Structure formats: structure tokens, C-alpha cells
Amino acid sequence: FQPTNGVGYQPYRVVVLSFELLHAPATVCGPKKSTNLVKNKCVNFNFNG
Amino acid sequence: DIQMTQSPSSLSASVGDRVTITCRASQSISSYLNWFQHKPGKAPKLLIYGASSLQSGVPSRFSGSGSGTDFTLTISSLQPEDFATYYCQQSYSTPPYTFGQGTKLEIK
Amino acid sequence: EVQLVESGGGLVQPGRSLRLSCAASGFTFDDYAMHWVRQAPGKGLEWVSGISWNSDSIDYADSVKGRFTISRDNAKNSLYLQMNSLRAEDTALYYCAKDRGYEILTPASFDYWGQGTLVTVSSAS
Amino acid sequence: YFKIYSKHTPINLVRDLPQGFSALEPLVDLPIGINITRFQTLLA
Ligand SMILES: *[C@@H]1O[C@H](CO)[C@@H](O)[C@H](O)[C@H]1NC(C)=O
């Protein structure tokens with residue numbers, strides 16, 4: 001490796017992420033969206049699923 | 001070897017003007033240039049790493065451009081805390097870390 | 001927010017030796033490279049030396065080869081610079097820069113600096 | 001899911017299990033998929 005090398009010979013850092021599904025409780029999740037609370041009005045509520 | 005030159009030495013402007021400073025190298029460096037803001041009273045600080053990549057935490061007013069052998073730094077707003085001396089540095093050739101001469105910038 | 005404080009500056013006669021230190025506490029010191037940058041009283045900045053994250057690869061400026069010996073201590077988070085055989089042209093200001101990468105000679109530049117320490121080489125009181 | 005319920009109450013009995021009623025509240029819920037068949041306690 002050397003800065004004089006061409007584009008095809010410059011170092012490239014690579015990270016590979018693997019995702020597994022198997023018979024175990026789910027641990028990793030994406031962030032859950034939330035909204036402001038509304039009172040005294042007919043609304044459709046989604047409280048913890 | 002490599003030689004590093006500064007076209008401007010002393011510039012004058014106001015609070016609401018636009019200033020561009022150019023840095024020229026003797027040989028091609030392939031977008032490997034750095035710009036530093038050296039306040040006369042404190043430690044110098046880096047503004048732009050690489051050809052046109054802006055460091056985190058500094059205002060977006062500073063803008064750099066250029067590749068190959070000729071480079072240029074542009075400032076858009078000229079806030080009155082922007083008085084300092086600016087240096088351009090190459091990090092590509094065998095002579096390690098060559099610094100160009102100073103570029104004094106005063107506002108009047 | 002990182003801190004880089006230096007000491008050991010002063011006035012010595014020509015041909016005498018003095019040592020410098022630079023303590024870092026605001027970041028992880030065991031895996032970054034460091035350099036030393038000299039600023040002449042009436043000129044621009046000039047690179048002097050540099051060391052790797054571990055003391056394997058060391059390079060020196062052309063005008064200071066065979067005179068300066070840079071060191072490093074990962075345990076106490078501090079680096080040193082032993083200046084030997086000083087002449088009249090080394091009365092400049094010395095900074096303690098930090099490299100962005102881990103090696104010495106890379107396209108990465110100096111990221112954080114510190115306030116300089118003033119040295120003087122002359123025959124006076 | 002490994003579940004533990006706990007309860008700590010005072011008692012004046014010495015050599016007998018007290019006669020009374022006291023519900024047990026949940027403590028934690030561990031989401032780890034172990035197939036468990038055996039256990040052992042610890043002493044100090
Ligand atoms: C549960 O784990 C045990 C290992 O102790 C294994 O013998 C058994 O087949 C497993 N049961 C299931 C349904 O995977």
C-alpha cells in the first residue's frame with residue numbers, strides 16, 4: 001500500500017454485517033417511532049403494540 | 001523534491017465581503033492538501049482536511065476546492081473573528097509535511 | 001476538548017541540551033500518532049519529527065537529523081523530545097500536534113494542536 | 001423467557017413454615033433461550 005498507487009490499488013476498508021433468525025427471543029430492534037399524546041378527543045391509540 | 005507557493009500575502013476586505021486564497025504546488029499531489037487557521041494568540045487549528053472536505057465543528061462558511069496542482073480556499077461571510085494567518089500543507093510527496101508561507105488577512 | 005500542555009522551555013547556551021514534555025488527557029493516547037511542529041519567530045511553520053502509535057517507525061526533519069531524539073511513554077500519556085547540540089537557528093516556538101491516523105507518513109494531517117512553548121538559544125543572563 | 005418472582009416478609013417463626021397469605025410480585029424477565037433441567041444453590 002502506498003499513496004502513489006492508482007485508484008484500483010488503494011486500500012478499501014470493508015465491513016460485512018450478517019443478520020440471523022433462529023429459535024430464540026428477539027433482541028435487536030429498530031428505533032420505535034412515537035407521537036405526541038392527545039386527550040379528550042376520539043383518537044386511534046397504539047400503546048405498546 | 002516539491003515546492004509550495006502562496007500567490008497572496010496580504011489582503012483587505014470588510015465584514016460583508018467574499019475572500020478567496022489560492023495555494024499552488026510544484027508537482028501534482030492528487031487532492032492531498034490541508035488548510036490551517038493560525039490565530040496569532042493561540043494554537044493553530046485545522047479547517048479543511050483533504051481537497052474539499054470540511055472538518056467537524058468549524059463553521060460552514062469556509063469552503064475549499066481544487067485538485068491536481070492548483071487549490072483554492074473560499075470564505076463566504078467574513079465574520080469579524082476570522083482574522084488569522086492561513087497555511088496550506090501537502091502530505092503526498094517524499095519531503096514530509098511541507099508548509100507554505102503565511103497569508104496575512106486583515107479587515108479594513 | 002483534548003488538552004496538550006508543554007513545558008521545559010527556557011534559555012540555554014549554544015551546544016547545551018534540553019528536554020520537552022507534552023501531556024495528553026482528553027483522548028485515547030495509546031493508538032494515535034503525534035508530531036512536533038516548529039514555528040520560527042519570523043517565518044512559517046515547519047515540521048520537525050513524528051512518532052507512530054507504538055515506537056516502531058520514527059522520522060525526522062532533514063535539518064534536525066542526528067540531533068533530535070523523540071520519545072514516547074504510553075503508560076503516563078505523554079511524549080518527550082530530547083533536543084541535543086542546539087545552534088543559534090533553533091530559537092523558535094515548538095508545538096505538540098496530534099496525527100489523525102496511527103502511522104507517521106500518511107495523507108492524514110495534524111488534527112489537534114496545543115499552545116507553543118518558547119525556547120531561546122543565546123548567551124545572556 | 002426466564003422469569004423470577006420475589007417477596008420478602010418478616011416472620012417470627014423458627015422451626016416451621018408460617019401459615020398465611022402473601023402474593024409474589026414479578027422481579028425481572030430474562031429473554032434468553034435456554035433448555036433447562038437442573039439447578040443448584042450457593043452457600044457462603
Ligand atoms: C433443548 O436443549 C436440549 C439440550 O440440553 C436438547 O437436548 C433439546 O433437544 C432441546 N429442545 C429443543 C426443542 O430444541
# chains A, B, ... in the order shown; residues from 1 in each chain; ligands from 1
call {"tool": "residues_near_ligand", "arguments": {"ligand": "ligand 1", "cutoff": "10 Å", "atoms": "only C-alpha atoms and all ligand atoms", "output": "MDAnalysis selection string"}}
result
(chainID A and resid 23) or (chainID D and resid 33:38)
call {"tool": "write_last_selection", "arguments": {"atoms": "N, CA and C atoms", "output": "PDB file, in the first residue's frame"}}
result
ATOM      1  N   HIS A  23     -34.467 -19.848  16.658  1.00  0.00           N
ATOM      2  CA  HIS A  23     -35.414 -20.092  17.748  1.00  0.00           C
ATOM      3  C   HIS A  23     -34.829 -19.541  19.046  1.00  0.00           C
TER       4      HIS A  23
ATOM      5  N   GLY D  33     -32.896 -18.017  25.501  1.00  0.00           N
ATOM      6  CA  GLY D  33     -33.468 -19.312  25.179  1.00  0.00           C
ATOM      7  C   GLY D  33     -32.684 -20.531  25.622  1.00  0.00           C
ATOM      8  N   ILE D  34     -32.709 -20.825  26.919  1.00  0.00           N
ATOM      9  CA  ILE D  34     -32.041 -21.995  27.481  1.00  0.00           C
ATOM     10  C   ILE D  34     -33.068 -23.094  27.702  1.00  0.00           C
ATOM     11  N   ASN D  35     -32.689 -24.330  27.382  1.00  0.00           N
ATOM     12  CA  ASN D  35     -33.474 -25.509  27.733  1.00  0.00           C
ATOM     13  C   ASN D  35     -32.875 -26.050  29.025  1.00  0.00           C
ATOM     14  N   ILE D  36     -33.578 -25.850  30.134  1.00  0.00           N
ATOM     15  CA  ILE D  36     -33.033 -26.070  31.468  1.00  0.00           C
ATOM     16  C   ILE D  36     -33.738 -27.245  32.129  1.00  0.00           C
ATOM     17  N   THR D  37     -32.956 -28.076  32.820  1.00  0.00           N
ATOM     18  CA  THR D  37     -33.489 -29.214  33.556  1.00  0.00           C
ATOM     19  C   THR D  37     -32.906 -29.381  34.952  1.00  0.00           C
ATOM     20  N   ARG D  38     -31.901 -28.603  35.351  1.00  0.00           N
ATOM     21  CA  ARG D  38     -31.217 -28.857  36.611  1.00  0.00           C
ATOM     22  C   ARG D  38     -30.721 -27.544  37.202  1.00  0.00           C
TER      23      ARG D  38
END
call {"tool": "select_by_dssp", "arguments": {"residues": "chain C", "states": "strand (DSSP E or B)", "output": "ChimeraX atom specification"}}
result
/C:4-7,11-12,18-24,34-39,45-51,58-60,68-73,78-83,93-99,110,117-118,120-121
call {"tool": "write_last_selection", "arguments": {"atoms": "N, CA and C atoms", "output": "compact mmCIF listing (two decimals), in the first residue's frame"}}
result
# COMPACT_ATOMS: atom_id res chain seq x y z
N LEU C 4 -3.35 19.54 25.58
CA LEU C 4 -1.95 19.30 25.24
C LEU C 4 -1.14 20.44 25.85
N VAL C 5 -0.51 20.17 26.99
CA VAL C 5 0.27 21.16 27.72
C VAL C 5 1.74 20.77 27.66
N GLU C 6 2.60 21.75 27.39
CA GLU C 6 4.03 21.53 27.23
C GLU C 6 4.80 22.29 28.30
N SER C 7 6.06 21.91 28.47
CA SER C 7 6.93 22.53 29.46
C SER C 7 8.37 22.31 29.03
N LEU C 11 15.90 29.27 28.30
CA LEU C 11 17.08 29.77 27.61
C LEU C 11 18.28 28.93 28.01
N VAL C 12 19.03 28.46 27.01
CA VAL C 12 20.25 27.69 27.22
C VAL C 12 21.34 28.23 26.31
N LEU C 18 18.36 20.25 26.17
CA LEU C 18 17.16 20.46 26.97
C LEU C 18 16.10 19.47 26.51
N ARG C 19 15.16 19.20 27.43
CA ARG C 19 14.12 18.19 27.14
C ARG C 19 12.73 18.82 27.23
N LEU C 20 11.79 18.31 26.45
CA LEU C 20 10.41 18.78 26.40
C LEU C 20 9.46 17.64 26.74
N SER C 21 8.28 18.00 27.24
CA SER C 21 7.23 17.04 27.52
C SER C 21 5.90 17.62 27.08
N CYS C 22 4.95 16.74 26.78
CA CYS C 22 3.63 17.16 26.32
C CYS C 22 2.61 16.13 26.78
N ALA C 23 1.75 16.53 27.72
CA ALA C 23 0.81 15.62 28.35
C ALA C 23 -0.55 15.71 27.67
N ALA C 24 -1.12 14.55 27.35
CA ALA C 24 -2.43 14.45 26.71
C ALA C 24 -3.38 13.71 27.63
N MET C 34 1.75 11.13 17.07
CA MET C 34 2.00 12.52 17.45
C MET C 34 3.21 13.05 16.70
N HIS C 35 3.26 14.38 16.57
CA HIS C 35 4.34 15.06 15.88
C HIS C 35 4.78 16.26 16.70
N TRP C 36 5.86 16.90 16.25
CA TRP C 36 6.34 18.14 16.83
C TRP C 36 6.52 19.15 15.70
N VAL C 37 5.95 20.34 15.87
CA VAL C 37 5.95 21.37 14.84
C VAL C 37 6.65 22.60 15.38
N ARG C 38 7.58 23.15 14.59
CA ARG C 38 8.36 24.31 14.97
C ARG C 38 7.88 25.53 14.21
N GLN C 39 7.78 26.66 14.91
CA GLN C 39 7.37 27.93 14.32
C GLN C 39 8.47 28.95 14.58
N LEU C 45 5.39 27.88 9.67
CA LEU C 45 5.51 26.62 10.38
C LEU C 45 6.47 25.68 9.65
N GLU C 46 7.05 24.76 10.41
CA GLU C 46 7.97 23.77 9.86
C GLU C 46 7.88 22.49 10.68
N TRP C 47 7.74 21.36 10.00
CA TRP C 47 7.68 20.07 10.68
C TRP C 47 9.06 19.68 11.20
N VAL C 48 9.08 18.93 12.30
CA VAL C 48 10.35 18.57 12.93
C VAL C 48 10.48 17.05 13.05
N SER C 49 9.51 16.41 13.69
CA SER C 49 9.61 14.98 13.96
C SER C 49 8.21 14.39 14.09
N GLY C 50 8.17 13.07 14.21
CA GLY C 50 6.92 12.36 14.41
C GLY C 50 7.17 10.94 14.84
N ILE C 51 6.23 10.39 15.60
CA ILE C 51 6.32 9.02 16.09
C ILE C 51 4.98 8.33 15.84
N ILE C 58 9.95 5.98 13.15
CA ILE C 58 10.27 7.33 13.58
C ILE C 58 10.97 8.05 12.43
N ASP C 59 10.54 9.27 12.14
CA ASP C 59 11.13 10.08 11.09
C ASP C 59 11.48 11.45 11.64
N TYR C 60 12.47 12.09 11.02
CA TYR C 60 12.97 13.38 11.46
C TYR C 60 13.04 14.33 10.28
N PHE C 68 18.12 15.49 17.15
CA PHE C 68 16.92 15.39 17.97
C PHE C 68 16.51 13.93 18.11
N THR C 69 16.05 13.56 19.30
CA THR C 69 15.60 12.20 19.58
C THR C 69 14.24 12.28 20.27
N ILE C 70 13.19 11.91 19.54
CA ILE C 70 11.83 11.93 20.06
C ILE C 70 11.55 10.61 20.77
N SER C 71 10.81 10.68 21.87
CA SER C 71 10.45 9.50 22.65
C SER C 71 8.94 9.50 22.89
N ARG C 72 8.47 8.46 23.58
CA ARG C 72 7.05 8.30 23.84
C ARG C 72 6.87 7.39 25.04
N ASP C 73 5.86 7.69 25.87
CA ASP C 73 5.55 6.86 27.06
C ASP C 73 4.03 6.64 27.10
N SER C 78 2.05 10.65 27.74
CA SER C 78 2.91 11.80 27.49
C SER C 78 4.03 11.38 26.55
N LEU C 79 4.48 12.33 25.72
CA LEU C 79 5.61 12.13 24.84
C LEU C 79 6.68 13.17 25.13
N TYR C 80 7.91 12.86 24.74
CA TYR C 80 9.06 13.70 25.04
C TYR C 80 9.85 13.97 23.76
N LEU C 81 10.70 14.99 23.83
CA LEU C 81 11.56 15.35 22.70
C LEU C 81 12.87 15.87 23.26
N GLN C 82 13.93 15.07 23.14
CA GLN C 82 15.24 15.45 23.63
C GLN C 82 15.99 16.21 22.54
N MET C 83 16.28 17.48 22.80
CA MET C 83 16.96 18.34 21.84
C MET C 83 18.43 18.44 22.23
N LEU C 93 9.51 28.58 18.17
CA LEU C 93 8.40 28.17 19.02
C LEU C 93 7.97 26.76 18.64
N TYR C 94 7.75 25.91 19.64
CA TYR C 94 7.52 24.48 19.42
C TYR C 94 6.11 24.11 19.87
N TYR C 95 5.37 23.44 18.98
CA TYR C 95 4.03 22.94 19.27
C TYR C 95 4.06 21.42 19.42
N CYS C 96 2.96 20.88 19.94
CA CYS C 96 2.79 19.45 20.15
C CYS C 96 1.51 19.03 19.44
N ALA C 97 1.64 18.68 18.16
CA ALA C 97 0.49 18.33 17.33
C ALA C 97 0.10 16.87 17.52
N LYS C 98 -1.10 16.53 17.05
CA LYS C 98 -1.62 15.18 17.09
C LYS C 98 -1.99 14.73 15.69
N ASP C 99 -1.56 13.53 15.31
CA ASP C 99 -1.87 12.99 14.00
C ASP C 99 -3.26 12.37 14.00
N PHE C 110 -2.54 16.87 10.67
CA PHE C 110 -2.50 17.10 12.11
C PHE C 110 -3.86 17.60 12.56
N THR C 117 5.47 26.33 23.30
CA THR C 117 6.41 26.68 24.36
C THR C 117 7.62 27.35 23.74
N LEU C 118 8.09 28.43 24.37
CA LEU C 118 9.13 29.27 23.79
C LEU C 118 10.50 28.83 24.28
N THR C 120 14.89 29.53 23.64
CA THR C 120 15.84 30.55 23.21
C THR C 120 17.25 30.01 23.35
N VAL C 121 18.07 30.24 22.32
CA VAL C 121 19.46 29.81 22.30
C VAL C 121 20.31 31.05 22.10
call {"tool": "residues_around", "arguments": {"residues": "range 85-93 of chain B", "least_positions_apart": "4", "cutoff": "7 Å", "atoms": "only C-alpha atoms", "output": "PyMOL selection string"}}
result
(chain A and resi 3) or (chain B and resi 23+29+32-39+97-105) or (chain C and resi 106-107)
call {"tool": "atom_distance", "arguments": {"atom1": "CA of residue 13 in chain D", "atom2": "CA of residue 43 in chain D"}}
result
22.0 Å
call {"tool": "interface_residues", "arguments": {"of": "chain A", "to": "chain D", "cutoff": "8 Å", "atoms": "only C-alpha atoms", "output": "list in words"}}
result
residues 23, 24, 25, 26 and 27 of chain A
call {"tool": "interface_residues", "arguments": {"of": "chain A", "to": "chain C", "cutoff": "12 Å", "atoms": "only C-alpha atoms", "output": "PyMOL selection string"}}
result
chain A and resi 1-4
call {"tool": "atom_distance", "arguments": {"atom1": "CA of residue 79 in chain B", "atom2": "CA of residue 22 in chain B"}}
result
19.9 Å
call {"tool": "interface_residues", "arguments": {"of": "chain C", "to": "chain B", "cutoff": "6 Å", "atoms": "only C-alpha atoms", "output": "PDB file with C-alpha atoms, in the first residue's frame"}}
result
ATOM      1  CA  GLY C  44       6.121  30.000   8.807  1.00  0.00           C
ATOM      2  CA  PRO C 107      -2.058  11.584   3.839  1.00  0.00           C
ATOM      3  CA  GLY C 114      -1.519  22.748  21.604  1.00  0.00           C
ATOM      4  CA  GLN C 115      -0.164  26.079  22.749  1.00  0.00           C
TER       5      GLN C 115
END
call {"tool": "residues_around", "arguments": {"residues": "residue 36 in chain A", "least_positions_apart": "6", "cutoff": "12 Å", "atoms": "only C-alpha atoms", "output": "MDAnalysis selection string"}}
result
chainID A and resid 43 45:46
call {"tool": "residues_around", "arguments": {"residues": "residue 3 in chain D", "least_positions_apart": "6", "cutoff": "8 Å", "atoms": "only C-alpha atoms", "output": "ChimeraX atom specification"}}
result
/D:26-30
call {"tool": "write_last_selection", "arguments": {"atoms": "N, CA and C atoms", "output": "PDB file, in the first residue's frame"}}
result
ATOM      1  N   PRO D  26     -43.606  -9.875  40.302  1.00  0.00           N
ATOM      2  CA  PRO D  26     -42.520 -10.154  39.357  1.00  0.00           C
ATOM      3  C   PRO D  26     -41.311  -9.281  39.642  1.00  0.00           C
ATOM      4  N   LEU D  27     -40.130  -9.817  39.330  1.00  0.00           N
ATOM      5  CA  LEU D  27     -38.879  -9.113  39.579  1.00  0.00           C
ATOM      6  C   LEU D  27     -38.165  -8.730  38.290  1.00  0.00           C
ATOM      7  N   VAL D  28     -37.833  -9.703  37.438  1.00  0.00           N
ATOM      8  CA  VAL D  28     -37.173  -9.452  36.162  1.00  0.00           C
ATOM      9  C   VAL D  28     -37.710 -10.437  35.130  1.00  0.00           C
ATOM     10  N   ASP D  29     -37.300 -10.229  33.879  1.00  0.00           N
ATOM     11  CA  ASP D  29     -37.685 -11.096  32.767  1.00  0.00           C
ATOM     12  C   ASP D  29     -36.493 -11.211  31.827  1.00  0.00           C
ATOM     13  N   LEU D  30     -35.850 -12.380  31.793  1.00  0.00           N
ATOM     14  CA  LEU D  30     -34.641 -12.561  31.004  1.00  0.00           C
ATOM     15  C   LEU D  30     -34.983 -13.198  29.668  1.00  0.00           C
TER      16      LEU D  30
END
